[PDB]
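See below for the structure under consideration.
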Amino acid sequence: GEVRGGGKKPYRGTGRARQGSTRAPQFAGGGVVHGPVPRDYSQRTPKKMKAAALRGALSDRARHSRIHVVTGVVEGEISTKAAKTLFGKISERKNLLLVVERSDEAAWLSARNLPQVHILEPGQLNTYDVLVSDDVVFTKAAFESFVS
Amino acid sequence: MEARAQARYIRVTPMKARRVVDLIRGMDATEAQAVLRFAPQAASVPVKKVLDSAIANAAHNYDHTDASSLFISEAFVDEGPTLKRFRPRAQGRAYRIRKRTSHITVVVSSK
Amino acid sequence: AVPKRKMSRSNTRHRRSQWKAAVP
Amino acid sequence: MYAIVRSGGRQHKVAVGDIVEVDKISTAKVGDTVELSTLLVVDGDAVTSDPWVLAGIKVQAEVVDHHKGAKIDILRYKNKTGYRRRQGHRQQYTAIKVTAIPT
Amino acid sequence: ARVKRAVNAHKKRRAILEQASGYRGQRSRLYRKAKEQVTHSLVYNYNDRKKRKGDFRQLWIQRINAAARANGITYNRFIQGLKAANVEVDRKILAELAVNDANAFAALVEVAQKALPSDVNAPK
Amino acid sequence: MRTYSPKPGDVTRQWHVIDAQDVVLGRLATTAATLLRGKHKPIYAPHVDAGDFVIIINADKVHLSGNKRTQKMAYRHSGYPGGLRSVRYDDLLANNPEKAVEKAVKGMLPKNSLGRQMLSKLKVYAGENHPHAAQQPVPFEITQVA
RNA sequence: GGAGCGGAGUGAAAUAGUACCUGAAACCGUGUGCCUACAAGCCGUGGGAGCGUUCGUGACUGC
RNA sequence: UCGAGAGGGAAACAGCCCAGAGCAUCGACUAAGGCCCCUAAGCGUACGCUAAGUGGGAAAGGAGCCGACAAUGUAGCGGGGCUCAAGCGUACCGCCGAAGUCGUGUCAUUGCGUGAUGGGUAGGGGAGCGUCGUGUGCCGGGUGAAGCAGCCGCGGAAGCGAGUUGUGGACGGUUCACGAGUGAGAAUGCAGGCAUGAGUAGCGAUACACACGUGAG
């Protein structure tokens, strides 16, 4: 219907196949049948299932002793080196997740560039990030904000 | 002593070219020129022009000047890019006409 | 009249063999 | 000279040293020894065909190999209905070397 | 996500045409016409493969009957006598003796003849 | 193991002479076709000719029971319209006996490209004299079994 | 005559030569192993001798 | 019973007779039907009938016979041939004969090692192969990836090979999930290329010939 043209019947005892339009599905350059269309893929999941899943993911990490807490990421000046040294002391594993309040620019700016570190607010801690990450590191302000 | 030449995109239909190239398989090189010389077919002209390059290559490139110990080792005609044009005919219709071409190859080796 | 079937490769080539030139 | 032995609902002609292919003997491992019930013995002009005599003669053979035969391709088909069943099969066999034909 | 069905479709086309290498004419070049015929080749394989068992038994009876009539006993009664001597030996190998080892087969007709009843047509 | 299939050289053809003096025509043909087909020896196979040459003397004195001599025809059509030509065996056996015996045996054999090769091993004659005296033919009596 | 080609040269690569990355199938050829001119063939399949650069072909025969 | 049913027989012959195919088997016994040759197994044994090739088509009626009689070519036994039955009847003996049954090996559904079960169209249910892409962990690649062409192996099927060779010259494998423009042989289907007809029909309406010249022709 949307392909440009094809409004005419191509021809009439012609001895060929019967065709209703040059833009029929079987024609080269014709329209697509049961093709894709724009659509939202989001799903309505119950609130309790979401919260329970995050609790399960965090509990799984805790049981294996992969939750850590720090009073801060960097003291004073912003330094990707200071954050790199701190995280090296904590863990040498590939995937690390840093939970810190968004009002603490020092931690965000210092750690955002590290290839392996994924940063989140306490309020937007989510199941996918927890499972991907080998270790979870909270700032004390973040930890209390989350638990409360 | 295999030395060969070939003419590509020679405007003569492959079957008409094969009609003549099938005469010159496995004879002495000079004796083949004396056959394409006195040959009615019109394809015998391009074919003999290729048979002379093969001998010229044998003499020059590989230094086998004596062109009397040579025989046609290989000779074959390959199909070439066909051209397509139309022809108006009765009652408004049109039939296609294909102008075929061919690739003629000739190979002379020492006896 | 019209050809009823596509001529088999064997039958086609039996005939074209007859379309040969003679050695002078 | 040679003896006739039955090996799994099948008869065979065997002489000492022959390697013969028989239906799988699942109970026997490679190198094991199996006794085959003989049905005829031919030693030159002497032909022993008495079943009571033969009941005591057992041809001794050694399990040489466990192998599978060539693959056979199978097709069920009936026209105009669309029925078509495709299937494959490899029959499993045991090779045994005949060692002794007691007289 | 559009899928071009060329890497997947060819997988069976080569399989059929490899099974079709050998067919005469157009059954060994064209997938469609080759795939109608390898269907017939497999069905004939099934039938003849299951029907050579009776084919070979026919060939064995012919040889057994020919050899038995050389010794003056028809295949009709040479088998019955063998039954009445409990010397059951498969036709596969009973016909393998007639060709190579005539003496052994000659020794078996002797047993089959003596295991028959004196008058074969009298009431059982 | 595999059942023996005769190779080209396992066959040793012999020469049989069947005197057909007052012997039923049908029983002559069956006996001659058995030998011709090689179906009397243990080396038989269904795809190779193993039979023996069969000379037939006295092919003009085949006894024919009942009214066959004056009732049984031998039809032969030529392809042209109204080309059927039949022949009573009284006429056929009078002057072409060999052509009637050989026709009988031909029917008692496969009609393939091998049965015609078998049929070439059968010489039919009307007298007591056959030229094939250098092949050392062995007289062959017609007998039955128990 | 030209076209085109054979040497030569550039290039890592010239069956990458401006008709040009990869280059399938239908289709068309050359060489080569086997069979094929007394034979009736939904062109296959079972049995099977022979020949040959397990494999290739397949005299003859059953379906 | 076919439809939706393979296999054997009736010469061929969906619906008739025998028999219900999971797969392999160069073992055995049988069913309908057969055992002179084509064609597996009896020129079977014994008694009796048929003279018409009846068997191998038919009526009133007449004294196994007559009645009997259409068109391409024998043609109303499948053919040869058959009464020296290889025909019909009645006994006796034996054998051949299917994918049936038994024997042997192997897989699958189902109920409790064992029992039963596994033809199948419309249709219902289950388990999977392959293509592309995404997230994830683990891996490969100028020491030669994808794609294509073979060779050698593997699987019950769709199919596979982190085997190998050639071509090729920069992108792939795989676990668990997730999404689909996810599988074509047919729609007088659509587009491109190429065959058959075939070196065939045609080359489009009245006349050009000679000498010389140019010219590679």
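Note that each Cβ is placed from the backbone with ideal geometry, even for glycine, and that neighbours are counted across all protein chains shown. Bear in mind these aren't lab numbers, they're just calculated from the coordinates by the rules spelled out.
General observations
- Cross-link pairs D:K13/D:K58; F:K7/F:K123; F:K68/F:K103 - those with Cα-Cα distance over 18 Å: F:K7/F:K123
- Within segment A:84-136, the GluC sites (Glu not before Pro) that combine a DSSP coil assignment with at most 13 other C-beta atoms in a 10 angstrom radius are A:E92.
- With both residues required to sit in the protein assembly as shown, DSSP beta bridges show an antiparallel share near 75%.
- The distance between label points at D:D65 and B:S69 comes to 5.6 nm (points 7 Å beyond Cα on the Cα→Cβ vector).
- B:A42-F:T30 pseudo-label distance in nm [points 7 Å out on the Cα-to-Cβ vector]: 7.7
- Shape analysis of segment E:80-124 based on the Cα gyration tensor places the equivalent ellipsoid semi-axes at 23, 11, 8 Å, largest first.
- Reference-scaled alpha-carbon Rg (2.2 N^0.38 Å with N residues) for segment B:39-104: 1.78
- Of the trypsin sites (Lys or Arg not before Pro) in segment D:20-67, the ones in a loop by DSSP (not H, G, I, E or B) with at most 11 other beta carbons within 10 Å are D:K29.
- Per residue of peptide F:39-46, the mean number of Cβ atoms on other chains within 10 Å of the residue Cβ is 6.
- Given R0 = 25 Å, the distance between the Cβ atoms of E:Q26 and E:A6 translates into a calculated FRET efficiency of 0.60.
- The length gained by stretching the chain between E:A122 and E:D48 to full extension, at 0.36 nm per residue less their Cα-Cα distance, is 22.4 nm.
- Square roots of 5 times each gyration tensor eigenvalue, C-alpha, chain A, largest first, Å: 58, 19, 14
- Cβ crowding within 10 Å averaged over residues, with C:7-19, A:117-129 ranked highest first: A:117-129, C:7-19
- Put simply, the amide H of B:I10, placed in the peptide plane, has neighbours under 5 Å in B:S102, B:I104, leaving out anything fewer than 5 places away on its chain.
- Spherically averaged projected area of the convex hull of Cα atoms, chain E: 14.4 nm².
- Max mean-square fluctuation residue, GNM over chain E, Cα-Cα springs under 10 Å, options E:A68, E:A98, E:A20: E:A20
- Taking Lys and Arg as +1 and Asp and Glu as -1, the other residues whose beta-carbon sits under 12 Å from that of A:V117 total +1.
- Averaged over the residues of E:13-26, the number of partner chain Cβ atoms lying within 10 Å of the residue Cβ comes to 1.
- Of F:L119, F:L64, F:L93, the residue with the greatest mean-square motion in the GNM of chain F, using alpha carbon springs below 10 Å, is F:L64.
- Beta bridge orientation in chain F: antiparallel %, DSSP, nearest 5: 15
- For the protein assembly as shown, the fraction of alpha-carbon pairs in successive 20 Å shells from zero, as %: 10, 19, 23, 26, 15, 5, 1
- Largest first and in whole Å, the equivalent-ellipsoid semi-axes of segment E:1-44 read 24, 10, 8, each the square root of five times a Cα gyration tensor eigenvalue.
- Listed pairs D:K97/F:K39; E:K53/E:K114; D:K24/F:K39; D:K24/D:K71; A:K47/A:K94 exceeding 27 Å between Cα atoms: D:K97/F:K39; E:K53/E:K114; D:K24/F:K39; A:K47/A:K94
- Partner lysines for B:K16 [C-alpha distance under 27 Å; skip if fewer than 8 residues away on the same chain]: B:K48, B:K49, B:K84, B:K99, C:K6, C:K20
- Estimated FRET transfer efficiency when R0 is 60 angstrom, pair B:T30-F:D90 (beta carbons, to 0.05): 0.15
- Label-to-label distance, B:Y9 versus D:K29, with points set 7 angstrom from Cα along the beta-carbon direction: 7.6 nm.
- The alpha carbon centroids of segment E:29-99 and segment E:101-124 are separated by 23 Å.
- Listed peptides E:83-91, D:75-83 appear in the order E:83-91, D:75-83 once ranked by packing, highest mean of other Cβ atoms within 10 Å at the front.
- Calculated FRET efficiency for the pair B:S53/A:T22, C-beta based, R₀ 51 Å, to 0.05: 0.45
- Averaged over E:83-93, number of beta-carbon atoms from partner chains that fall within 10 Å: 4
- Volume in Å³ per residue [convex hull over Cα atoms, computed for chain B]: 88
- Shape call, chain D: gyration tensor on alpha carbons, a/c limit 1.5: prolate
- Pairs from the list D:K80/E:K35; F:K72/F:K106; F:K61/F:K99; F:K72/F:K111; F:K41/F:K111; D:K80/E:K4 with a Cα-Cα gap above 25 Å: D:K80/E:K4.
- The order of the peptides B:24-37, E:46-59, A:61-74 by mean Cβ neighbours within 10 Å, most packed first, is B:24-37, A:61-74, E:46-59.
- Electrostatic tally near E:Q37: other residues with Cβ closer than 14 Å to its Cβ, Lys and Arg +1, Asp and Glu -1, net +4.
- Other residues within the sphere of radius under 12 Å centred on the Cβ of E:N103, judged by their own Cβ, net out at -4 (K and R +1, D and E -1).
- Taking all pairs of distinct alpha-carbon atoms in chain F, Kirkwood radius in angstrom: 16.7
- Choice from B:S44, B:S68, B:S53 with maximal GNM fluctuation in chain B (Cα, 10 Å cutoff): B:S68
- Measuring max minus min along each principal axis, the C-alpha atoms of segment A:47-98 give extents of 41, 22, 18 Å (largest first).
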